[PDB]
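Chains as they are written, first to last, in the numbering used here: chain A, 2 to 115; chain B, 21 to 219; chain C, 5 to 151; chain D, 155 to 237; chain E, 27 to 400; chain F, 528 to 544; chain G, 116 to 707; chain H, 4 to 159; chain I, 9 to 235.
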């Protein structure tokens, strides 16, 4: 009866691993964030807008570094905010971005590289 | 040749409906610049006539606050768009014009059928947006008058948007001569130079 | 109309020595507060000094306000309005350029926090709340006074 | 009450043996003046005298440095306090 | 060469990107980011005055009245132009910025693996930000610049690390001072021994080093100082001040710092946010007392970039006041300018957006400190 | 009236070509 | 309410939820959704209500905290009663939950009991719908004369009634909240020692707990040769004011709008106004007429956006998605295989004969989040309250036509339609006729007649600083005084009204308004900016004035000899006025 | 406005003086009787306003020193216009009441207050500053000359 | 020297330096009561900085041109008070010097200050030489020069309007001098206050509460109202 206010789901490292190992058809965007990081407030609003634009044509998820610190380090996260763009084609390699990139830049990566 | 000269020192076109001109008049005797400046300013702001749409007649409209199927804007919004259309004419008398169009499309000022004595200033001025192939016929009345004022349209005839003048000392006290500058802003219905001559 | 008297931020002139006087009152209050904590003066002595030092400072600012206008800015717009008798008195002007002074709580007593600033400088949040006691009381008395 | 302020910067000069020690209502030491005491301030240009009328408090000390417009002397309901 | 003297910032130009990431034990709601500002005014200790990319220092240095040039590489795409247009707007020299038309700015190609039942990533192609070559260095900048500034983020890239030490050689040949602003990224917090080996070569080349309190304790012994802070006397305090249970502002002795000291080091600064600036020279040491007030503006406070403003304020005074290295009283007065710059930087959302001007910083310094400390 | 008119006649002046 | 300003209707919302969730059972010792819609209950003059199973009907509350009884919008205000007798710890608040639960208990000792409560109970009042501000503040009133120290942060010290009820009808503070014993609570920031978890440092304090905490409102921007902990600040403790070291402080008040109501919190530079004028300003903003065209203020406090969101006047998306179609009547939004049609209010009469009208703020193909704005209502632009217009103003006497509170205006405000408003009068004739009360018939059910009223002599205008005036003379633009750029001013106010009323904030606003218009900037400034530094408002205004002067090459905008003032000219003669005159572009409202 | 005059709107004046307008129409034969005279007033026949000006002249009204007598004049607009040194309006009917209004209650034979005999209509506010600025003479001494000095002559 | 400057009103110390004496030695905190002792450490005041004003800025600018002489580098509160009384005299002197300079150089040289694009020689002899070699008199050349003036320069030149008479010192102050009237940049940056005039408020921003649910849908969601 009441629509939820937030579209981006928070996933554990174990849940994210199964999502990556499993079969996917849409691009997978993974956000690493922390509630204490100031720029993550700005990034959180951009990814919610990106989820609205890509209703079912993309899957937007987020991972907290306070809960999955070891997982983030193994994923080569050097700082926050960090985004991973994972293609549904298993041969293509993922794209890792750093910093508050513009919303249009995210769309170009998803459309042209994902 | 003449001892007392005037000239346009700058004439700029900010947009289709915003004209700027600056003029100089020198040398003047002391006190003459003040007399010319205030009289010219009052004439520019209060004595120059213009022409615009005074009322509009709608064909199948109950009142001016309803909506028309196929038009994005409301009837009240149409009247406001008509009120902002800038026209030019040298003659007097109540003229009539016509808007007779079929949609869909963009109704602009260039779609008005004007009598030969009246001209449009800005073609791109927006009147309405048609989102359906409907028939829209609007009658118009046009007058040339001073000051400001079927559905009546609150016409503001004055074409001079603003005016300014400055007075500067010509130099050593041979006769205490002065230099006059006049700045004029118009809406494009007449140029600043023409406004200066009409005033 | 021809002279066109007006009122700007710069026209709200504070006397030159306010900074010296306020800083001296702050120093004496600060020293007394220390020795109150040491047990060298009792709480009533601290209460009296706080009220009396700031009341005297405020009254001295008001006294020096007119001579400063008369000697250094005779045609100051704020001065001319009140001095000529056209509009406003020294007390209202003192609120703009001097200091608002000490306020009283509804039950007769005064609040032990002087309002050092004026309306041009801008009151602090604590000062503004204290000044609301005067505003609330002022309209209550006038309603009672006319009845 | 009336407060006497220093008209100039300078050094206060008076005989402390002509006045009586006291404690003010603000807890400060001071002197009580029951005579017409002559207090001298030696400024940067000249030497100036201020007459202290009787029944007045002298808040400054001999040889003390005072600033101009500084209070130097004072011419002169049951409430309950909880701490 | 015009005045003030030029400074060069070396590394990657990024928008925001806080590098120092550790684990905090007080997380807010994972979705309601309106609660996250409460962590800006009760921050983790490692995030009290966070640093950022070297481009932040260059921008902040220029706003404080200095002149700066950025040395690095961006891609030839649209985001690369936006970063360059950002630094040109802030009047940072960009002749040292090189374009790589075949790369995408701030984009790293990585491959995902599933080693020992866990998900890991490995770098396939580094971004243009971490791919500046030695032949691409602008030697006119390195000749003119009096301070060469870089972070430890360049040590995470094999290409930049080789390029970094060629830039240092040129800068020292031309008499420039080397400023090492540590700002340890996430990988370098894993273990003390690996990090000390990784940074040792760059640590020895530096003439000026700025580290946070957390970084310094991590590099020496993290558990010893944590135990030191948590000690409470059992029966009575050793002095009256210990009874007040005040915040710990421990000043490290120069003998504790000795494992990190070398011959060429002129000034070591340890920052406890803007609250304390511990300084160490070959001749003397001491602490500058500062302050912070983010609760004065609870809805616009943001600590990101305040570490860069402090570093920029230090470089602004070092270039114009060379006697800071030898005079302790002069050094303390000039460091209070850096404290004021850090305070203002915490009053605005966004690092670049909130960097203060010189006159604003000077005004705050005179308002906060008594006139004898100016 | 004549002096006022003489003040505004110059604005209507043209130049030889 | 811990890190944001709470919803202004939260007290009404949470109280009604308590009545449904717990209040019903406590009195009964199923609810069916209403068959009609809210717009139907108004059109048919019915009651929006739910069926209790068939015991009877229970009126339902809107999200805006209003009830619809016999077609009339009604609001139940809060009462304060005895639980120092004037201490708030000895008082208690009875909200809509307490009142509706008493009626249910009276009902069980079900329809006519609630119709009689809303029609006759003095705490049930017809909602004031003059403008968006009146709707939102009506539900926050407290009905019972002196300010008490326990009121700080809970009951506004300024906003009260004028007349004989003064001090007996007040307003709740912006951050106030009702506790678990009918007590008002306010949030404070806790200064915690070294050894404590302290997840959330923001805590709500009831009045009983307030006296025994040391609460400071100062800042920590002060350092000497000692340490910061020994610096002293003014603090509240045991209902008095002290000056103590920072290390003895228990709590900090940090929210900019904590101590004042909504009306007082909409006054820029309020700290430069006498507290009496801030009360009169709150009343005047509740009398402001929505204009046919709306315009954002150049200078605001930043609370205008909160009022727009909580008033319900604009249209906000209940679901995310994309916009497909917009017109005058509806906006179509589709998201996640769900399509929604949202009707738009058009030329609807309000309680006080004002015109309500919604205009779309989105286009086709625009992505929307849930809770974002879709359309602008009357007196709202871009999601901000917009009660007036920014007009060119000079402060000078003009031939006695602005004597006392009289105001001189230019004709350009008349034929420019700057202050024209729509007024729809309902009388209990063919559609679209022009009847003669002159106006146009717009809807026949009841006859609704629309009037377009331009500004006139005798109309009343006001700023936000308690500066109220009556229009006495309308002059042609060539008769008005004009600036050094040649532009005539739109209004001329008497400068003698400021020193007597001691409202200096209007002087700051007008100067900053002029700078913003020339710089294409708007300013949203939280009150009490002096906490940063001395003369903070003066530095902000003068620096922005100079920047406007420098960037636009208009040296008259910032005169180093007398900042904020400039020489202007008499439109009648062309001679300059002798002394420089303060000019600006303040926000002026038109009153009912 | 003069001290003894006030301005009344047409809408207010015509209601206050309706009985006199009707008599004026009948007296000058513009209306046959009472019934016709009402229709012309109802229909805003322009001859009504000419008569209204005639009957208003010389007929004072009482405005409520809280209540005074003024000579009303017709003004444009919809508001009552009062002079700056000063709502119920009463029109005296009998000649005894009209004599009292003109000869006892007008604003020029009551220039002194009865309390102590002070004047009532002393200029205030903007009137007072204008006189103050006008009569504030020349600058003198060090405010007139930068240096220590160690003007036109007019015949009339 | 002194007593001649004092007689004539020329700048001079208020107190003759020759007839000026020290104030000997005063109590040194050991012969003083507790309430009259200087604090060992300086105390923060919030009044520790001098208030900026117009008088301080103008006096310093007049000190650099030599129009007045001050006792020290920074004007005192006494000197700013004295300037406030006689400020109109000094402005009149500057205005008179501009009138005399115009009468000397002529309109071409004088008004070329506000026509940057004009590169021809503007001296009186150059004006006369141009008239002889071309026939264009001074007024014709002046009209030609003003045809190369921008609207921005013209509005600056309005300070020379005979009715406005802006202070020449004010017209030529630089930005660093002017900003000391209010004391420099605010410590709290103005960018926090600035908002785009056409901005649309984003109600999902960090400073907004969570969206208000519809009351009926909220009751149905929590299973308290049945359809």
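Backbone N, C-alpha and C fix where the C-beta goes; we use that ideal spot for every residue, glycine too.
Beta carbon proximity, residue 11(A) to chain E, threshold 8 Å:
The sequence position of residue 11(A) within the first chain is 10, counting from 1. Yes, its Cβ sits closer than 8 Å to a Cβ of chain E.
Using the Cβ count rule (16 or more neighbours within 10 Å means buried), how would you classify residue 216(G)?
The residue labelled residue 216(G) in the question sits at position 101 within the seventh chain. Label assigned to residue 216(G): buried.
Considering only the beta carbon of each residue, do residue 223(I) and residue 193(G) sit closer than 8 Å?
As a first step, residue 223(I) is located in the ninth chain; it is residue number 215 there, counting from the start. As a first step, residue 193(G) is located in the seventh chain; it is residue number 78 there, counting from the start. No, they are not a contact pair.
Sequence-distant residues of its chain with Cβ nearer than 6 Å to residue 16(A) (five each side left out):
Here residue 16(A) refers to the residue found at position 15 when the first chain is read from its first residue. If we look at residue 16(A) and ignore the five residues flanking it on each side, it has no Cβ neighbours.
If you check the beta carbons only, do residue 343(E) and residue 366(E) fall under 8 Å apart?
Here residue 343(E) is taken as the residue at index 317 of the fifth chain, counted from 1. Here residue 366(E) is taken as the residue at index 340 of the fifth chain, counted from 1. It is not a contact, given that the beta carbons lie outside the stated cut-off.
How close, in whole Å, do the beta carbons of residue 431(G) and residue 211(I) come, if the pair is a contact with beta carbons under 8 Å?
Your numbering for residue 431(G) matches position 316 in the seventh chain. Your numbering for residue 211(I) matches position 203 in the ninth chain. Sure, about 7 Å apart at Cβ, within 8 Å.
Between the C-alpha atoms of residue 19(H) and residue 169(I), what's the straight-line distance to the nearest angstrom?
Counting from one through the eighth chain, the residue named residue 19(H) turns up at place 16. Counting from one through the ninth chain, the residue named residue 169(I) turns up at place 161. Near 56 Å, if we compare the C-alpha coordinates of residue 169(I) and residue 19(H).
Output the boundary residues of the alpha helix (DSSP H) element that contains residue 62(H).
Working through the eighth chain from its first residue, we reach residue 62(H) at position 59. Note, residue 62(H): premise wrong, no alpha helix (DSSP H); not H, not E.
Given that residue 88(C) touches chain H, what residues does it touch there, using C-beta distances under 7 Å?
Counting from 1 along the third chain, the entry for residue 88(C) is found at position 84. Those are 131, 132 and 135, listed as they occur along chain H.
Just to make sure I have the definition right: I need the residues of chain B whose C-beta is within less than 9 Å of the C-beta of residue 154(G). Which are they?
As a working mapping, residue 154(G) is identified with position 39 in the seventh chain. Correct list: empty, because the minimum Cβ distance to chain B is about 18 Å.
Within 10 angstroms of the Cβ of residue 609(G), are there 16 or more other Cβ atoms? Answer buried if so, exposed if not.
The residue given as residue 609(G) occupies position 494 in the seventh chain. So residue 609(G) ends up on the buried side.
I want to see whether chain C comes within less than 8 Å of residue 74(H), judged by CB atoms only; does it?
Locating residue 74(H) in the eighth chain gives position 71, counting from the first residue. Chain C, which has no Cβ nearer than 8 Å to the Cβ of residue 74(H), makes this no.
Once the 5 residues before and after residue 86(H) are set aside, which same chain residues still bring their CB inside 8 Å of it?
To locate residue 86(H), count along the eighth chain from 1; it is residue 83. 4, 5, 6, 8 and 9.
Along the stretch 195-211 of chain D, where does the CB come closer than 7 Å to a CB of chain I? Name the residues.
196, 198 and 199
Taking the alpha-carbon positions, what's the residue 236(D) to residue 653(G) distance?
Position 82 of the fourth chain, counting from 1, holds the residue named residue 236(D). Position 538 of the seventh chain, counting from 1, holds the residue named residue 653(G). C-alpha separation (whole angstroms): 42 Å.
Entirely enclosed beta strand (DSSP E) segments - the stretch 161-193 of chain E, minimum 3 residues
173-177
For the pair the stretch 217-232 of chain D and the stretch 48-61 of chain I, tell me if three or more CB-CB distances fall below 8 Å.
no
Under three-state DSSP, which class holds residue 670(G)?
Counted from its first residue, the seventh chain places residue 670(G) at position 555. In the structure shown, residue 670(G) sits in a helix (DSSP, three-state: H, G or I).
Where does residue 247(G) sit, in a helix, a strand or coil, going by DSSP?
Your numbering for residue 247(G) matches position 132 in the seventh chain. Residue state, collapsed to three classes: helix.
Assuming residue 630(G) is part of the beta strand (DSSP E), what are its boundary residues?
On the seventh chain, residue 630(G) is found 515 positions in, with the first residue counted as 1. Taken as a continuous stretch (DSSP letters only), residue 630(G) belongs to no beta strand (DSSP E), being part of the alpha helix (DSSP H) at 620-634.
Residue 419(G) burial status per 10 Å Cβ neighbour count (16 or more: buried):
As a position in the seventh chain, residue 419(G) is number 304, starting the count at 1. Buried.
Give the interface partners of residue 71(I) over in chain C, defined as CB-CB distance under 8 Å, in chain order.
By one-based count along the ninth chain, residue 71(I) stands at place 63. Per Cβ cutoff of 8 Å: no residues; residue 71(I) is ~19 Å from chain C at best.
My output table needs one value for residue 509(G): the three-state DSSP class, helix, strand or coil.
On the seventh chain, residue 509(G) is found 394 positions in, with the first residue counted as 1. In the structure shown, residue 509(G) sits in a strand (DSSP, three-state: E or B).
Per-residue contacts from residue 43(I) into chain E (C-beta, under 8 Å):
For this step, residue 43(I) is matched to residue 35 along the ninth chain. The premise fails here: residue 43(I) is roughly 21 Å from chain E at the closest Cβ pair, so nothing lies under 8 Å.
Hey, out of 266(G), 706(G) and 181(G), whose CA is closest to residue 425(G)'s CA?
For this step, residue 425(G) is matched to residue 310 along the seventh chain. Selected option, being the one with the closest Cα: 181(G).
Taking 8 Å as the limit between beta carbons, can you name the residues of its chain near residue 45(I), skipping five residues before and five after?
Mapped onto the ninth chain, residue 45(I) falls at position 37. Within the same chain, residue 45(I) has close Cβ partners 37.
Cross-chain neighbours of residue 215(I) in chain E, by beta carbon under 8 Å
Start at 1 with the first residue of the ninth chain, and residue 215(I) comes out as number 207. 60 and 325, listed in chain order.
Cβ closer than 8 Å: which chain G residues qualify as neighbours of residue 8(A)?
On the first chain, position 7 is the one that residue 8(A) refers to. Going along chain G in sequence order, the residues near residue 8(A) (Cβ under 8 Å) are 435.
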